[PDB]
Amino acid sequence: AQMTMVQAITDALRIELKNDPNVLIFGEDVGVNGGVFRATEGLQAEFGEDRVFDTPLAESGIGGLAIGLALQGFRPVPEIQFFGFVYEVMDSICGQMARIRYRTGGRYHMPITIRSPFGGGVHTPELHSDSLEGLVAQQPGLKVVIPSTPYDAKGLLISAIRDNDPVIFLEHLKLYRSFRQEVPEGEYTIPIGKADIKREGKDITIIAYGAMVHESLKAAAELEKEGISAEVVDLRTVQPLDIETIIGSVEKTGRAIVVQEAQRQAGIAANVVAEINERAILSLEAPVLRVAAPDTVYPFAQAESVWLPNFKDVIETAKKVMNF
């Protein structure tokens, strides 16, 4: 069926609740209200206040709650209202849940999925839109997943929920309802840690994730008008990296750029570049360059359009690489 990304997430959450009585969804305003973005709309009404429930206003407490619930044999799917609010709950995600299997030598484990919206282009207030995936990607025992399409969002979320270790599932706000796509009904999974080619190409590899995938697909169409053939790789999981798909693409084309919305000192672009340098430097006709935001705090709302990386930045840096 033709679904938006938010509908495919709701559909994945509905499927998991039916399939597994241990699945629980909870957070600020996710129950009766159905979510600040309607992501959990209809779920409490269908499944009950014992499956889908609200919490006090405290990010830190939600993480701890998810941990205790997992110790009691549940499969928690908590929500953090905006990811800019992760600072509050860093200990429980990174200091606790990511470490419990290791800390207990496999005796206990944390089948937890943290859903959190992030991202810009909609003029949100302060600390709503920040890209903080770079922070959680540095923590051993986490996996970090960022879909860009309705179809990827559903298969990756079902995968994320069934995974018996913690998974951060970051949901870009601009992509919730931005477009529709055919998404099969019922359950399917997509592997975690697995990229895909969204556009096949032969001249330059454009590696992207989140809202920057669409921007790279838009850049690639403009480049094709000038006879420059770009291969767009959607990472899908930002940790761990699909090394095989990234290197295979770079070996074919000989040139590469990495695209992120996050500030240049943040995000995960440096990791991707480093991995390329390490494994395929002999294929490189040119250095691997990065599209990224300026190294400032996330912009005051009115300044978003000039600050955020877009398809034009991608076009420009791609050409810089072609003309190196």
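All residue numbers refer to positions in the sequence shown, first residue = 1.
K.L.:
Which has the higher mean CA temperature factor in the PDB entry, 123 to 131 or 164 to 172?
P.N.:
The deposited B-factors put 123 to 131 ahead on the C-alpha mean.
K.L.:
Look up the CA B-factors in the entry and say which stretch, 46 to 54 or 268 to 276, has the higher mean.
P.N.:
Stretch with the greater average CA B-factor: 46 to 54.
K.L.:
Taking the entry's C-alpha B-factors for this chain, is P140 in the lowest, middle or highest third?
P.N.:
As the PDB entry reports it, the C-alpha B-factor of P140 lands in the lowest third of its chain.
K.L.:
Split into thirds by Cα B-factor across the chain's modelled residues, where does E261 land: lowest, middle or highest?
P.N.:
Its C-alpha B-factor belongs to the lowest third of this chain's values.
K.L.:
Split into thirds by Cα B-factor across the chain's modelled residues, where does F82 land: lowest, middle or highest?
P.N.:
Its C-alpha B-factor belongs to the middle third of this chain's values.
K.L.:
When the modelled residues of the chain are sorted by Cα temperature factor, does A70 land in the lowest, middle or highest third?
P.N.:
Lowest third - that is where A70 ends up once the chain's C-alpha B-factors are sorted.
K.L.:
Sort the modelled residues of this chain by their C-alpha B factor and say whether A303 lands in the lowest, middle or highest third.
P.N.:
Highest third.
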